[PDB]
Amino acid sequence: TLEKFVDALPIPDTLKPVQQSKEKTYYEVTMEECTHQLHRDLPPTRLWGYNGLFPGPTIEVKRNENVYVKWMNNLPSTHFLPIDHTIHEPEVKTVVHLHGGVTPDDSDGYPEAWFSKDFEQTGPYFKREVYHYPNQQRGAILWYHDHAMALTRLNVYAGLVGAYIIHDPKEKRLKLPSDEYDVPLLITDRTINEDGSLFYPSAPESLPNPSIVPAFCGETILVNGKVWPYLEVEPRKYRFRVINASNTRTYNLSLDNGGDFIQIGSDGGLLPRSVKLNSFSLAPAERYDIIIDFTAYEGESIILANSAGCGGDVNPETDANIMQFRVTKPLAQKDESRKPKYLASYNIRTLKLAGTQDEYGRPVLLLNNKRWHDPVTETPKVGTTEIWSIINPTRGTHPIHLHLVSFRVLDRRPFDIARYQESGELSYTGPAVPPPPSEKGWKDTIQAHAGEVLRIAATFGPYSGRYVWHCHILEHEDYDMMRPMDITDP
C-alpha cells in the first residue's frame, strides 16, 4: 500500500474573477480532463477537474456579493468510468450544484439541467449558461460538485469537486484564524490501480454489465487531492474547513495525541456556541468548521485518524489514517486569533426511507416509495415553515440533503423496527433526544440514523420553484434516492 505522509498537503489556489465591479463578480470555470500525480510513488492519474484541477479552485465570496459563474463542459464525449445504462443522448452530461447555496432554482444545478460538451446538447430543464449566486446568506463553508442525472456518482468520483467559502464581514470581530491559517480540507476516498489509473467498480457482489453498486468504499484516503498527505503547521491556532467530498464513506475523526477540536461552524454557518470535541462524525457532503490549537504541541507529529468503518472495520495501516500534522513551522507572527465560546444567537410532513429490489435483484433506495420521475409530492409553500419527520427503518444511516434551505434539528427518537415493518406503527423505544451542541445551529445535510425518527424544521424560501431533496450517498442518490421538491409560489 502507498507510503503514508510523504506528500505535502496542497492548498488549492483561490479562483480569480474574469470581471469584478462593486456590484457584480463574474467567473468562468471549465471542466477539463487532466492528469495529476496523486502520490509521490504513482504515475499521473487521469481525472476530470474544474479548470483542470483536482480539487477545483476554491471560490471566495462575501455575504451578499452578486456572483455569476459560467460553468463549461470541455470534457471528452465518452466517460472513462463504468456507465450503467439500466438505471435511467450524449454519454457525458454535466451540471454544477453549489451545495448549500441560497440559489434561484434555474441556477441550482437541477439534475435534468445538464449539458454536454460546449452546450451542444442539453437536458429538458436546461435554461441558462451563466449561473447566478446572490450569496444572501450566513457565512459558511459551501462546496460545488457535479449533479448530472444518473451520473453524479461517476462525475464526482472523476474529480469534479471544489470549495466555496462565504465570508461575512460582520464575523471578523470574532478574530478567528484567517488568511494562511484558514485551510480547506476536502476529503475524498479513492481506489487507485498500480499504474495510477482510478478504479471504480463495474459490478456489485443476470446483472447488467456494467452495474451500479449500492455503496463505494475506497482503499485510500486523499485530502485536497493527495493520498495521506502531511501539513507543516506553526504552534498556534488554525481554522480548517473540513468537507466530506466522498461518494459513500463516513469519517469519525480524532487526533492521535489525544487533542481536541473546537467546532465553530456547521453546514449552515457558525454555531451559537463553540464546542470542544474529542471526535466527530462527518458523513458525505457534511461540513465542519473547526479550530485546532497547535500551541502546546510544538515539535509533535499528529495524525488525523479515522475510526468509522466502510464495509468493514478500518485498517490501521490505511483508511484509519487521513493526514498528518507536523508542528514544526516557525511562528511567523504572534498568534492574534481567538476562540470565543459565544459565537452568535438565533405544517408537518412525514417521509419514509426504504429499500426495494429491482428486476435484477439489486437494491433500489427510495424516498417515500416514490421514484425520481413520479409526480412531485413535496410541495411546500414559499415562506412557510414545516417540520419534516424522517423515518429510517433501514439498516444504515442516510445523509439527507435539502436544496435551497438550511434547517434546525429538533430531535431524534428510536422506534421498534420489526413492529414498523408489519403494521406501520411508530412504537417508540425511548424519549426524544435533542441535538448535541454540534447540531444546535443550521444544517443542510443531516445524518438520519437507522431505527430512528429524525425531526427537522425548515422555512422554505426566500426563493420559489423546482428544487430537489435526496440522500447524499451518491450510489443511493443515483438509484433512486432523490425526489423533486416544488416550493410553490402564488
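Superpose the two forms; the largest set of C-alphas matching within 1.5 Å is the rigid core. The numbering used is simple: start at 1 and walk along the sequence shown.
Averaged over structures and residues, the CA distance from the shown form in 6 other deposited structures of this protein after a core fit is larger for 354-362, of the two stretches 332-340 and 354-362. RMS Cα deviation from the shown model in 6 other deposited structures of this protein, rigid core fit, is larger for 419-427 than for the other stretch of the pair 419-427 / 38-46. Per the record, residue 346 and residue 347 are separated by 4 to 9 deposited residues that have no coordinates. The segment from residue 88 to residue 89 is interrupted, since 4 to 9 residues of the deposited sequence in that interval carry no coordinates. When 305-313 is weighed against 99-107, 305-313 comes out higher, by mean CA B-factor as recorded in the entry. For the pair 267-275 and 414-422, the record assigns the higher mean C-alpha temperature factor to 414-422. Of the candidates 112, 358, 146, 286, the deposited coordinates give 358 the top C-alpha B factor. As recorded in the PDB entry, 328 shows the highest C-alpha B-factor of the residues 328, 248, 136, 191.
Sort the modelled residues of the chain by CA B factor and residue 179 lands in the highest third. In the PDB entry, residue 455 places in the highest third of its chain by CA B-factor. Annotation for residue 429: CA B-factor lies in the highest third of the chain's modelled residues. Residue 262: CA B factor in the middle third of modelled residues in this chain (values from the PDB entry). Per the PDB record, residue ranking by Cα B-factor puts residue 127 in the middle third of the chain.
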